[PDB]
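The structure appears below as structure tokens.
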Amino acid sequence: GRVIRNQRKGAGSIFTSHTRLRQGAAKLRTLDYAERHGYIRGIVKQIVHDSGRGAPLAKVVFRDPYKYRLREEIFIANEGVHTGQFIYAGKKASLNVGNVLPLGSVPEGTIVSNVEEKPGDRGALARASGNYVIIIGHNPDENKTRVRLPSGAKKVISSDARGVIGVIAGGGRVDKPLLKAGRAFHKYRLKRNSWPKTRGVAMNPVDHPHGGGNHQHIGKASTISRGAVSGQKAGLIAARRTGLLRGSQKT
Amino acid sequence: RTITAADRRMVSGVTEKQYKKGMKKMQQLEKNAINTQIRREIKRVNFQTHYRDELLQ
Amino acid sequence: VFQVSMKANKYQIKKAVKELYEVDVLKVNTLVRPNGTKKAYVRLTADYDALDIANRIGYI
Amino acid sequence: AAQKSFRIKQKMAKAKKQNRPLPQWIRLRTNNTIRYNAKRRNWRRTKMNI
Amino acid sequence: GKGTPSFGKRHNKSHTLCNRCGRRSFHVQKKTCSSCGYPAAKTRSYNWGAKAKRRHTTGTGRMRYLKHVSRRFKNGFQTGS
RNA sequence: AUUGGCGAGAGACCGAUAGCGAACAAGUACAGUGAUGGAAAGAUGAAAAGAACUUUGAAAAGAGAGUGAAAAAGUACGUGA
RNA sequence: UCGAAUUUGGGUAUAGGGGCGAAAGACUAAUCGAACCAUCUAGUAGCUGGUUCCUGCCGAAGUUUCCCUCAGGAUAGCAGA
RNA sequence: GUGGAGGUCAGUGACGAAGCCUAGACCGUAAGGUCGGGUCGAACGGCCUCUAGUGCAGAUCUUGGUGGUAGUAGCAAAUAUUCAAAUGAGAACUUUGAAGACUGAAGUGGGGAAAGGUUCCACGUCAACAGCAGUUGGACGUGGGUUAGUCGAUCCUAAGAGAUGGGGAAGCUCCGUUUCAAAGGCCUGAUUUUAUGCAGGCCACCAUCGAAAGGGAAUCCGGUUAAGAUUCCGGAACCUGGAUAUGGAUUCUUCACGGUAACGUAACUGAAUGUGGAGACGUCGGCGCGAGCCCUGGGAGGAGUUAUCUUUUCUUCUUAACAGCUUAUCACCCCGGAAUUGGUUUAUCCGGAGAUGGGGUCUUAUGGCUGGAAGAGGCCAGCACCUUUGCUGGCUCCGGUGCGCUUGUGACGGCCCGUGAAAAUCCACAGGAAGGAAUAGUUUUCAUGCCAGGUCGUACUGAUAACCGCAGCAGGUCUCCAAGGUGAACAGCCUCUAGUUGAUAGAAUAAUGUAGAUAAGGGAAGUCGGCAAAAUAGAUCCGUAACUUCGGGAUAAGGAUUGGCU
RNA sequence: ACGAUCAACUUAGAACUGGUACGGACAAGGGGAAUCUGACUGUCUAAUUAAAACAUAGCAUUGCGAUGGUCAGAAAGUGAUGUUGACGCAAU
RNA sequence: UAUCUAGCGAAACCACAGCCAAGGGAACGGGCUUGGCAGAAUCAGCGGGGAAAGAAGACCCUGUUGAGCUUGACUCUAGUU
RNA sequence: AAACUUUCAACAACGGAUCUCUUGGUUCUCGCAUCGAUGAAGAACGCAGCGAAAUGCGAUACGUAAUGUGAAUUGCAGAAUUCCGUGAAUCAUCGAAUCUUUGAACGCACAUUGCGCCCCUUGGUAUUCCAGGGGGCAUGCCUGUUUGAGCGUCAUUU
């Protein structure tokens, strides 16, 4: 047999992402002294499109606390932040849309996004267009916070891990049906060459576990174990249950 | 050309007559070599590795 | 018109001419002759006659 | 090509220098074996392959 | 047509002149001479290519210096007149 | 110990389709983008004495003349199946 | 088919059990259901082809047995010396 | 019987060994042996033994050579050649002239990229190649030829490639590209001990390679050669780097004035350190404008036509870079304060967040005038009359038009789950370090002046002959400029400039073909099958069904008209 | 009420006329009733198959909250997704 | 185009070659046997035959020969738990 | 009967076999141990009066110097007492040199004949800019020198 399509995706070469037109790594500020003790005041100089990202970017300029320089930080925009708005990032900052507050300082039920997963990194949760996380609860004795993630999962993260207030903006994007294949082509022209995606069962048996046969059929159960080796994982991987849900499945 | 190759070879010892004779001999020898090469190549120069032969076999 | 060793450039050609022949040169143009050798067009100033200089060197 | 690297034009010049028949006076030497120039490259027949 | 038309299409050069060996075998994109291994320090020799060694071992060149060591050894590396 | 290097002495060895691939301007000419692949090709005569000169032809050459022991050795050259 | 999932140059990346594939086992230098080059390699064959002088004398077998044995062997037998 | 070895016959031989030829002879059943004749020119044989790379008809054997087929297949795409003279031994193919033609500006034209490598050009010249021929050639012999501060590489960075510090691997080497590193270079003015420490400050940056189509400092015309050219020559400019003198500019109010303002100028200090701009950017549509081309009138020359007609038909009348003044849609400023809402684009946008209006400011793409520059070039005339051919004359002027074509460009509009590079480099701005006061000086983003600008490429083809396809191959290979008519049209057909007239020809006109046509009556009965062919076809007008996702179907179907001239 | 001058092809209409011709060469759609099948535009077996095959938009399923999912490397302080974060990526 | 001429001029193939009928034969002869017959040298066509040419049949079988691919064959293995 | 076809001979062709040579190869034996950062092996480009190649050589370029021999080299030209001698030769030997651009390749690079930097020097009204000449600038590592860094640390000192 041959190395299958998903296998040879890890090697890179043609499958790397197309990063030419991107504005940079969209990340919050570094957790410095000012931002971890009080707050600092940036100005949203411009809001720009970023190829391959569904949400706009906000270029917030801050004064360097330790030199003359002005540092430009690229935030993921929040619905309602507009050019010329003053952004207050830090613990002492007040609770207004677009600001950056450590989760310890925001009351229960606050809606945040672009949440620092562990204090010190620069944003890791609720970053895609129109997504958000909900501050479920607080544990002040343990410096922990329960939050609800876009997937529906609860997570406990350090209450000193920051997150921007509001929603990621650019929402409702996936409701508009791409009609032309060219729409998807131009969508994935700026994303890592994932498309078009040849069905496995059309491939010949040397190319894919489903391939081959006088009829296009998988012939063996498509649910693949977690413990199956790489090159066997094609189809429904470690599936708990297949088929139509036919249930509420919660909201 | 105040001095020509004809003069620079007449000093060297090949007159015009001898130069013509020798050039004719060289031309003839080279043409004989080409004849021999064509003879010996024609037998096996047509041997193609992957000729497809539309009406296969 | 001179043949010039390929390692030479316009300044070295200018200095050599001013040295070997007591003449002043207006400008120097050079090319790599197709047989692999530098060829230099050395133009003297208006107060020297190349025709006199050439026959002084010894070629007519 | 029109824009040539200097190295390529050096090989160029080498071939032009080499492209000539035998010097005739060589044939008159004692124990002479050279009948003709056997390495006579020409542009119609064999490319320089550089 | 993968024959005559395709052969028309080729005008670039994968390989060019290697600096260490004069062979037109220096791969342009990989920047390595496929014959002599330049710029690797070790010249690319292999034991399966007995002919490849035979074409480039000592003795195929001028031996600008190694020719005379036998004389110098025969005389015992003397010095003077 | 030694199929490499340097210098020597030999053979119940091969004798130019043989013997190393190469007795020669052979790892040359040449093919391939490249790795690599890779030939063919020795002999006039003792000595060029390689045919002065005449003649037919536009010329190559031819016919005489001549050198040679021999052109039934004429640079296509020992023998010449 | 002809304004777009368009066409194309140049640069660049992916290299052989690997690449790449809008998926035909397609394309990967006229080579692809595993490229090209060299070496192991004079790979092995129960299979095919060939197997070079003369004369003289003797002169058969395709059967028994046993072999993953049935296009082949061992074994007796027939034959020569 | 063969190659070679030991022994022997004191073997044969330049008075001719070996070999080779020989419907000549002899011997053996045979393998073979012997002799004569011819050719030949330096070695060879018999016998007793030894030794083996030792005996050919085969192996689609290997190498080399040669046949019949056979003067046969054939040398038939790209419209097409013909006459005369010259040259020559020889002309269908060379040269000139004369015709007839084509490519027909998305050419057979004029340049380049990749590639080729001297094919470029001259003289000589035909052995071979030019699948005929050859005097001719991209062939053969010998030479000549490629001139750069401004055109490119060089410099920048792009997807990437790749050292160092590190870290893996037995190892060739692999990961990584600013990272768990003690990573250096700028401004100086300097100590005059000295090295490059420095007065010392600053910087914390992160090796390097990567584009001859991306970014980029600066050039044009005319002339010139056998072959060169934005490179040479004449003339005319600009840029960069560097010394720099003079003039101007600036001040005792030390580092300019004016305008309400947009902002103007010949200038008109300015470090560290930051900010900003340019570099820097999609695509389509229509609109405005410019350039070049196209069409056209007058007039100043030449040519053509002239039985007849034609105020005719063809042709020249051009202005480069660069510089001064001027010049613009957009944008902005001042006055003023709008409903009777107004201004306005082809396209609906704008106005109390200040419209219309009056008046100004700017960018100078761009055009105009002038300098360059008529002295050039062009077109004519006259006199010299081998002349570089010279000498001397004139004229080279004024307009018009447009959904014209190409291109540049401005302001807009549409599209995106696509919003369509980076860096070098240059500038400006904020700051106010430092420096300069009365001949005290500071500068020198102003004018003028001085010097230098290296290396490498530069010829030519770029294709039915210069590249790759075994070749002088109907194939393939990226791009720029693009006249007139018909016409919607860079469709098709004809022509202008330019270039070719190359592809073996001659004579006949059988069959079968290949390609192109037409066929009375019938109209798919042929055939697997309407395969192939034919029919319809452009434009204006009339008419247009089922079904439908309401968008289409649709040019449905189906009819009529079509010139010229006034 | 309104005068003078300059310049475009563009549409309609009417006569007259002709061997009733006139998109006069060139250029230049055959149409209708349906059925099978694939939505369509697009792509591939270079050199025997261009299709009903592939792709596609749409639909659905699965894994994963980074101490992760999928994948790569012999190893690494190694790497693709990832200049990413469930309106995402990955496998169908 | 074919055809004829001037010039130029190959390839496939070829055991020897080339008139039939029957017979027998490896069960379909050009040759063998018996008959029919049979007169030089040939040109343009022609497609009956030469079981015509092109390739050591790809269909099928055998091989104690493989390879692509699959699996719940046998035995292992990277990764992973 | 010619032509044609076939066989043979002679002569002439095509072809280069046979025979005879052999500055080559192969195999065996003996002896020796010597590459390179003092820049090797290898490569590119050039060098001759007249050479394309082979051979030789490196801008001192079929070579220079030294030593030996003792009159040539040779295809032509040229040189010709240069030859009873510090002296010809494509001689042999070889101990001094030259040794372009590269190459482990070494300032950085390279498909560039690209870009630096430092010292001495010379020219151009020049320490700074430009140009010519000369000499250098790799890495790992060792020993030593010099300058340093670290509350790692010892003592002294306010």
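In chain E, numbers come from Swiss-Prot; the residues present are 2-82, in order.
Method on record in the header is electron microscopy, 3.2 Å.
Heads up, the Cβ atoms here are built off N, Cα and C, so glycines get one too.
Per Swiss-Prot, these features apply:
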BINDING   E:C19, E:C22, E:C34, E:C37  Zn(2+) binding site
ZN_FING   E:19-37  zinc finger
Composition by DSSP (helix, strand, coil) of residues within the zinc finger (E:19-37): 0 helix, 5 strand, 14 coil
Cβ neighbour count within 10 Å of E:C19 (Zn(2+) binding site): 20
Extra residues within 8 Å (Cβ to Cβ centroid of E:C19, E:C22, E:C34, E:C37), Zn(2+): E:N20, E:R21, E:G23, E:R24, E:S26, E:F27, E:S35, E:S36, E:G38, E:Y39, E:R45
Most crowded position, judged by CB atoms within 10 A, among E:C22, E:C34 as binding-site residues: E:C34
Other CB atoms, at most 10 A from the CB of E:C37 (Zn(2+) binding site): 21
